[PDB]
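These protein sequence lines are chains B6, 5I, 3D, 5C and RQ, in that order. Mind the numbering: the first sequence is residues 2 to 207, 264 to 417, 421 to 427, 431 to 440 in the deposited numbering, read in order. Mind the numbering: the second sequence is residues 1 to 159, 168 to 469 in the deposited numbering, read in order. Mind the numbering: the third sequence is residues 3 to 168 in the deposited numbering, read in order. Mind the numbering: the fourth sequence is residues 16 to 24, 36 to 466, 498 to 529, 544 to 553 in the deposited numbering, read in order. Mind the numbering: the fifth sequence is residues 301 to 363, 626 to 665 in the deposited numbering, read in order. Cβ atoms here follow ideal geometry from the backbone N, Cα and C, with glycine treated the same way. Below is one structure, written out as structure tokens; comments come after it.
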Amino acid sequence: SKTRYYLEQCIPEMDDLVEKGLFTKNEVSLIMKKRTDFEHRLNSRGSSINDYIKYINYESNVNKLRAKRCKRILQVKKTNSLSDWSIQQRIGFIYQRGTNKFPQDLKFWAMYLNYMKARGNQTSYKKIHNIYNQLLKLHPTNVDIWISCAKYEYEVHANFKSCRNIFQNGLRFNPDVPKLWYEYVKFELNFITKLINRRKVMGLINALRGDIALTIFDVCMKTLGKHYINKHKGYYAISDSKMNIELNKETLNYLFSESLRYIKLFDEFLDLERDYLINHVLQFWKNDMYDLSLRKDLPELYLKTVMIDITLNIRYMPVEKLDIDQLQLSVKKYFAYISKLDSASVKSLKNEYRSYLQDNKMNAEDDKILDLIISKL
Amino acid sequence: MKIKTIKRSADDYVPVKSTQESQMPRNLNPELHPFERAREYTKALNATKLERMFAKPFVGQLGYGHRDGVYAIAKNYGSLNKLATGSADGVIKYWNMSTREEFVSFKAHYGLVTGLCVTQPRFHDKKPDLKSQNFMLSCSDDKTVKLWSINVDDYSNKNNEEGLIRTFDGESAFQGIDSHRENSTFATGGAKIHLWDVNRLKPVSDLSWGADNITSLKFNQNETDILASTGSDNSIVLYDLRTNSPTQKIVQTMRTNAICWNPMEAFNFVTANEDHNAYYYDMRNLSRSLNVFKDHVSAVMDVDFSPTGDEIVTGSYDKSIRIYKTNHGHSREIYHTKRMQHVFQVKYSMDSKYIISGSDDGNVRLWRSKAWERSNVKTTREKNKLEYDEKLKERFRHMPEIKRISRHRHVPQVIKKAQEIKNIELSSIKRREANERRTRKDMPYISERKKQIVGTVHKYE
Amino acid sequence: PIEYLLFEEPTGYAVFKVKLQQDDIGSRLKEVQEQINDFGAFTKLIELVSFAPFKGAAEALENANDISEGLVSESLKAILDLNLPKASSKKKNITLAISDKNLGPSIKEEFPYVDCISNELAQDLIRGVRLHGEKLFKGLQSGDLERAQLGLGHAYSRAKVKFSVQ
Amino acid sequence: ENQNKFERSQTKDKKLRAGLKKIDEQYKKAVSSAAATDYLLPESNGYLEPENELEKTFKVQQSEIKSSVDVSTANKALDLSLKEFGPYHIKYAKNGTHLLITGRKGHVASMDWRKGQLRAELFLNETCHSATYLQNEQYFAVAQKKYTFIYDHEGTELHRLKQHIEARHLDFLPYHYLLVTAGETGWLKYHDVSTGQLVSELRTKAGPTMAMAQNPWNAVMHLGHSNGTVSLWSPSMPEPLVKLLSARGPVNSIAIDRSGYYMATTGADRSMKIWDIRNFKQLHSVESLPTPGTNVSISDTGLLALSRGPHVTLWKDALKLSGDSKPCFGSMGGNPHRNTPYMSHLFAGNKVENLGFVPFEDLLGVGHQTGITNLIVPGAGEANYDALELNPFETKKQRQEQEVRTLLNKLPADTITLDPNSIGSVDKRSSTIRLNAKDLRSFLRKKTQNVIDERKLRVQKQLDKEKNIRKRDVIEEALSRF
Amino acid sequence: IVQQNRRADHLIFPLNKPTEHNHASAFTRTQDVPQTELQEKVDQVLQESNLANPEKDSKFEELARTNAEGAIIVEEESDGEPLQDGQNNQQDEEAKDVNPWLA
RNA sequence: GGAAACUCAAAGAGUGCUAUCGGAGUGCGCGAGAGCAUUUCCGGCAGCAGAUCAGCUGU
């Protein structure tokens with residue numbers, strides 16, 4: 002057998018564990034017969050990850066009990082012997098064996114990764130890189146793997162070159178999820194904000266705009282459009298004019314539903330040239346794709362683009378007198394678009410009136432003005 | 001009063017479910033395991049009987065053989081399953097031994113082919129394209145040494169220059185070659201040994217002692233710049249290309265046919281000559297053949313070391329091949345078949361498990377070296393059983409009945425009768441030597457390991 | 003020298019590390035070429051180390067068309083760039099046991115440090131992994147092979163015929 | 016700490043010095059890494075301790091030990107009381123699973139006892155002396171009236187034996203598949219139960235065999251005659267291999283420890299002897315026991331048991347080399363340096379017929395007139411069996427696997443000397459300095506053969522004469552040289 | 301070297317230093333050229349303004627009352643916004659300084 | 001004679017089931033270790049202190 006071999010390999014830790022008096026022979030034979038039964042259950046014919054989990058629970062609890070009897074009997078923390086790292090070495094062996102014998106359960110993979118991230122003070126990040134790279138190899142599709150240990154590599158070690166490297170590798174591996182693109186934009190903005198805060202810390206002790270996020274936004278837009286189209290039309294390129302045009306309208310709808318989420322959790326981020334990259338988004342959504350949709354379908358979408366382009370300024374201030382001061386720009390563009398629209402003019406009027414109602421003295425008189436007087440007086 | 005009694009408890013011994021494996025509880029007491037030595041003895045005897053039951057050494061031919069018996073075989077050294085055979089009516093062939101077929105054939109020369117070897121020949125005006133085509137060169141007795149390419153699908157990198173890359177031509181005839189495995193140099197033998205490289209049509213150097221022909225050569229396998237040869241002055245010569253000169257010369261009592269270096273010692277070689285024993289020399293003290301493998305009945309036509317560095321394959325002029333170990337001096341075991349005659353070239357493969365023998369009937373047969381170890385990848389308990397009972401046979405090989413089971417073969421009747429009369433002749437001549445030593449007083453106890461040397465230039469240092 | 007293997011499958015691309023080696027010289031023997039047939043010895047010989055499924059149906063058809071003309075594509079190049087190590091020039095260059103000599107030069111063009119190989123050893127190793135099929139993949143998928151290959155076959159046939167569906 | 020149990024009891039050439047250092051280092055490492063297994067041994071043995079001075083260990087009976095013992099062992103404590111056939115007799119199997127009982131009238135029952143699975147009962151009408159299993163549940167032999175029978179597992183009479191003219195002492199040598207018979211005629215015969223062949227017929231020449239035991243450690247057979255001679259035999263020599271003078275008169279019982287070191291022997295002159303075997307030293311005698319103890323047996327831990335007919339007396343740890351562990355019968359004068367009975371049981375009026383310790387549980391089976399009784403004894407069973415040879419949790423598959431493996435590893439019958447470590451040596455021609463040859498018309502054919510033979514004789518004589526030649544007053548001094 | 305090659309007890313025949321290279325991790329770009337169009341565009345943006353540890357060390361080569631409690635948020639901000647290689651070199655340099663001043 | 005297989009035993013075939021000192025430093029190997037091995041921080045102790053870890057205080 003090999004169960005005899007694993008049990009015989011775990012004997013010197015109990016040897017010095019009885020040689021130092023913190024475990025007598027009766028209870029160490031008790032834990033050894035319990036580990037014998039657990040290990041045969043582990044190396045059965047058709048075992049289970051539940052068996053791996055509860056054997057790991059047994060080893061962690063006997064490690065906690067060994068530390069407790071060490072701080073109670075010998076009154077020292079580290080016994081500088083074989084008795085200390087042996088249980089963590091065995092837990093590492095059990096997690097490696099479980100990830101070899103059962104590689105499809107991310108609950109067990111995540112328990113291994115959390116245990117190793119906790120024991121990073123004793124065994125450093127090379128084992129983290131090894132088991133995470135083999136996890137990436139065995140599951141390239143599941144984007145939460147890339148997102149999780151990119152968060153690890155950014156929040157525990159903060160190595161931005163390798164972080165952007167694994168985001169670009171995962172984005173090459175599956176450029177048809179929205180979540181990976183959007184959280185790559187989120188990480189890229191976190192890096193650019195930390196860099197500008199480094200520059201501000203330099204200025205405190207006394264070029265690099267959002268073009269990275271805008272280029273990956275553009276590649277996000279065209280690639281998610283193409284792969285949404287290929288998620289539809291499964292095997293045969295559907296060939297009739299109205300069906301092709303209506304599916305182009307459908308992917309325009311889904312793509313703009315992604316772009317508005319970009320605008321949402323960028324407006325939550327802003328702290329930067331926010332109007333610059335928001336106007337880059339809206340210049341792209343002025344220069345449309347497959348249909349040039351301003352006079353074509355989705356006129357409510359065209360109204361929402363006009364509404365964002367008008368209300369670009371108003372979304373930032375609690376001191377609304379500055380909004381009234383610069384509102385000549387907003388109402389000037391508003392008149393420039395009311396002069397172009399007719400019933401979308403009416404819906405845009407209701408939208409701008411609701412925005413000013415959500416908003417609410422010399423400028424409130426001179427530079431609607433009824434609400435400006437009602438908020439000034 | 002405190003009592004207790006053992007508790008079987010029927011759960012840590014028989015399982016809870018059905019599918020998991022029951023316990024094998026274990027107590028290593030010499031009380032509970034009484035007969036140690038007799039039981040492992042009987043396991044050794046069953047090991048010997050099962051080895052004789054599975055002693056099935058022959059694995060296959062390859063192709064339909066050549067025309068008229070091989071006379072040169074060259075294994076390559078980078079790859080495993082590629083092997084060149086040159087045979088008598090000027091026919092060289094380059095076998096893929098995996099499917100056991102030939103890549104290409106060539107009418108290579110007119111007369112007898114004499115020796116071939118493969119090279120990865122680094123030209124200077126060309127990249128070595130040695131991952132898509134493979135190069136072998138062959139010398140015959142009609143004064144030509146041809147170097148050939150071979151198209152080979154070992155890889156699939158590319159997509168045409170099939171044969172006869174060039175032809176070195178010599179003054180006299182040629183008797184053998186081998187290629188220096190570094191820097192694209194190769195040496196030949198003929199009237200006198202010559203050293204070419206593949207950027208010249210003329211010989212770069214000439215390296216004889218005197219005007220005496222040279223039957224065979226061999227380079228090293230490491231410390232590559234020295235080499236050895238054998239000429240029909242019954243002589244072993246060494247040479248060193250770093251000094252670019254011959255360096256020492258011994259003369260034995262009969263002509264050495266085939267020499268072969270050791271690919272793990274780098275200063276030991278075996279030497280196969282016409283008296284029926286392969287000597288095994290140390291280089292830096294050539295006064296004593298530090299072993300002599302002494303079991304044939306006829307001329308010892310070829311030898312080679314296995315690349316593991318301890319087994320010798322030999323093939324005799326009588327129709328038999330033998331495998332020796334280095335550390336013993338007698339035969340481990342013997343192959344033979346009715347349909348092979350006069351095995352002229354034997355070579356270990358680089359896998360160190362398969363010996364390629366080439367007879368004079370035309371075929372290039374193959375054999376397993378260990379005649380019972382199979383080639384499949386085995387499960388770990390089976391590998392444990394095989395290595396354990398093999399270690400038992402190795403530990404108990406001196407017991408008389410498992411010795412008389414592990415020793416005997418079906419040696420063919422020719423070899424058995426002729427070895428029997430050779431044995432009674434040797435016993436008779438030892439008896440007459442004992443009578444003569446009973447009389448005389450100045451008679452040296454002549455050592456068997458120095459019996460065959462009858463002269464050494466650079467006598468002693 | 004066969005240490006990585008590439009298999010293509012109608013749910014996704016697989017790459018297998020070759021743990022130990024096959025017997026090269028005796029590779030026509032009965033006791034070797036029954037080991038490919040049985041399962042208890044093939045997983046001693048080949049383990050799964052990467053399996054990336056193309057998930058789009060049309061992207062599966064496009065990968066199948068690019069393989070069927072013998073050309074690299076995005077997902078194949080992606081997983082080879084991920085899995086294949088940079089064997090540095092001191093040691094060697096890495097080897098890769100692929101199924102066809104038409105595909106061979108098109109990965110040797112793109113990756114320099116890889117070296118494709120298809121002799122009969124790669125042929126019957128890929129034959130063994132094709133025979134054992136799903137039982138190698140140990141659950142890293144969602145969907146069996148035969149219905150997916152039925153759909154992919156019908157699509158590849160219609161894309162070859164360019165059959166008018168009007 | 017435990018390496019005495021696991022122990023197995036200056037040169038010129040440098041490579042041989044290194045090889046000797048390697049092999050005795052490997053010996054030391056393998057003995058230590060075998061001795062470090064009893065940490066992983068599955069359970070611990072049992073004991074009853076006095077824990078006071080008034081609480082003696084032999085004022086404890088079956089009622090209180092069965093009260094404070096486990097339910098499973100208490101239900102193992104059987105009593106298969108049968109009355110219509112005679113004074114019964116026990117033999118447990120080699121592993122502790124099956125039981126074989128034998129009445130002196132006609133009864134032979136082979137049965138599981140921890141399960142109620144009576145698998146071969148057979149009555150007869152002739153006096154069945156003793157019985158024993160062969161290898162398994164499968165075949166069991168009974169020493170009947172005047173022919174020994176062997177039987178299949180359900181009860182079909184497999185074989186009468188044409189030999190074994192009678193039999194009253196019969197058992198088995200397990201690894202060799204041997205059946206050993208000693209009878210009332212002066213014989214001891216070996217019959218292999220695999221090939222079916224008889225192996226030897228050793229004429230005893232010392233009267234009828236009064237008792238017999240088996241050594242487990244070297245498979246020699248220990249006869250005990252009416253001369254007081256304990257002889258040890260094996261089928262190598264037709265003579266007895268050694269003899270001993272144990273008691274005076276006849277010896278009624280003899281029992282060997284499973285480690286082969288110790289021999290208990292009880293005679294008919296109210297005497298017991300304890301013997302070493304590997305040194306043949308009489309360790310200590312025991313006199314003054316009231317009746318001659320008819321049957322002694324010995325546990326797997328050193329806890330022997332006399333059986334004096336009505337009494338059964340178990341002594342713990344009475345096999346040391348000291349003069350303290352001499353088994354006595356009563357603490358007199360305030361002497362804690364004695365060895366009282368570790369425990370004892372007293373049956374009513376029925377003479378105990380034979381003992382036998384259950385192999386891998388804590389109980390001593392004893393058979394008497396009215397049947398069977400097991401006695402719960404805490405230290406008298408080996409706790410931790412080794413599953414590669416003996417196994418109380420068999421199945422059909424592993425039972426057949428152990429059958430085929432032991433039939434493949436049948437040790438041949440010659441290989442049982444006095445010491446089975448002696449098959450690896452050189453054959454008494456040692457030459458520690460080994461001389462390796464380095465440091466020293499049909500009448501007419503017969504007549505010429507005689508001529509050549511006479512010449513060979515003369516050459517031999519002349520060479521020996523030359524070898525002996527090479528290895529070897545005033546007036547007579549003047550009158551020398553003539 | 302052949303003499304201690306015949307004194308060893310087990311010879312595992314990969315004798316020389318074999319091909320033992322770590323696999324291509326996802327953190328390291330293998331052939332150091334942009335493969336995809338995203339790598340193309342992001343590197344042709346980041347050709348000009350990148351913190352390739354020079355500006356990181358120049359702006360983190362700073363770090626007493628500030629050591630005790632005066633800069634209890636400024637030192638936290640500096641050690642938080644320190645990058646990976648700058649933080650590793652800072653840890654090594656401060657550990658060597660504490661090794662010099664505390665033995 | 002039909003057989004309930006749920007009493008049990010001995011066996012025969014077919015099917016499915018597994019692998020082979022601790023983190024750095026330091027003389028070190030071509031962004032880099034798969035190892036050679038320690039008196040270098042060490043794995044001695046508690047306290048400030050950002051939430052069981054990053055900077056320090058002695059020892």
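Who are the neighbours of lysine 34 (chain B6) on chain 5C, taking C-beta pairs under 8 Å? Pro68 and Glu69
List the endpoints of the continuous beta strand (DSSP E) containing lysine 69 (chain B6). Note, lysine 69 (chain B6): premise wrong, no beta strand (DSSP E); alpha helix (DSSP H) at 50–70.
Distance cutoff 7 Å, beta carbons only. Does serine 156 (chain 5I) sit that close to anything in chain 3D? yes
Cα-Cα separation, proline 107 (chain 3D) to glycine 239 (chain 5I): 49 Å
Partners in chain 5I for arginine 23 (chain 5C), counting only beta-carbon separations shorter than 9 Å: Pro30 and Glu36
Below 8 Å on the Cβ atoms is my guess for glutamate 231 (chain 5I) versus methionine 262 (chain 5I); work out the distance and round it to an integer in Å. Going by Cβ atoms, the distance from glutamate 231 (chain 5I) to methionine 262 (chain 5I) rounds to 28 Å, so no, they are not a contact pair.
Residues in the segment 58–81 of chain 3D having any Cβ partner in chain 5I nearer than 9 Å: none
Tell me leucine 224 (chain 5C)'s beta-bridge partners as DSSP assigns them. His217 (chain 5C)
Name the chain 5C residues that come within less than 7 Å of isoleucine 12 (chain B6), Cβ to Cβ? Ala62, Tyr65 and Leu66
Inter-stretch contact (C-beta, 8 Å, three-pair minimum) for the segment 348–355 of chain 5I and the segment 12–25 of chain 5I: no
Where do the N-terminal and C-terminal ends of the beta strand (DSSP E) with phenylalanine 341 (chain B6) fall, by residue? From DSSP, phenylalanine 341 (chain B6) is part of no beta strand (DSSP E) but of the alpha helix (DSSP H) over 331–341.
Opening and closing residue of the alpha helix (DSSP H) in which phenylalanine 109 (chain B6) lies: 107–119
What is the residue span of the beta strand (DSSP E) that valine 16 (chain 5I) lies within? No beta strand (DSSP E) holds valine 16 (chain 5I); DSSP gives it neither H nor E.
Neighbouring residues, chain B6, relative to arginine 329 (chain RQ) (Cβ below 8 Å): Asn166
Using DSSP with H/G/I as helix, E/B as strand and the rest coil, what is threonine 114 (chain 5I)? strand
Go ahead and label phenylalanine 123 (chain 5I) buried or exposed: buried means 16 or more other beta carbons lie within 10 angstroms of its beta carbon, across all protein chains shown. exposed
Distance check for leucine 340 (chain 5C) and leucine 329 (chain 5C), CA to CA, integer angstroms please. 6 Å
Going by DSSP, which residues form a beta bridge with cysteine 154 (chain 5C)? DSSP output for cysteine 154 (chain 5C) lists no bridge partner at all.
If you run the structure through DSSP and keep just helix, strand and coil, what is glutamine 308 (chain 5C)? strand
Would you kindly check if the distance between the Cβ of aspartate 26 (chain 3D) and the Cβ of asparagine 81 (chain 5I) is under 7 Å? yes
Beta-carbon within less than 8 Å of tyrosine 158 (chain 3D)'s beta-carbon, same chain only, minus the 5 sequence neighbours each way: which residues are those? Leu63, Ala66, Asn67 and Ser70
4-residue-minimum alpha helix (DSSP H) runs that sit fully inside the segment 108–148 of chain 3D, ordered along the chain: 122–134
Could you check whether the Cβ of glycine 42 (chain 3D) sits closer than 7 Å to any Cβ belonging to chain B6? no
For the beta strand (DSSP E) containing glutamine 256 (chain 5I), list its first residue and its last residue. 253–259
Under a CB-based cut-off of 7 Å, is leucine 137 (chain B6) close to chain RQ? yes
Quick one: any contact between the segment 402–410 of chain 5C and the segment 376–392 of chain 5C, if contact means 3 or more CB pairs under 8 Å? yes
In this structure, how does DSSP classify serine 105 (chain 5I) when only helix, strand and coil are distinguished? strand
In or out: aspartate 326 (chain 5I) buried (at least 16 other Cβ within 10 Å) or exposed? buried
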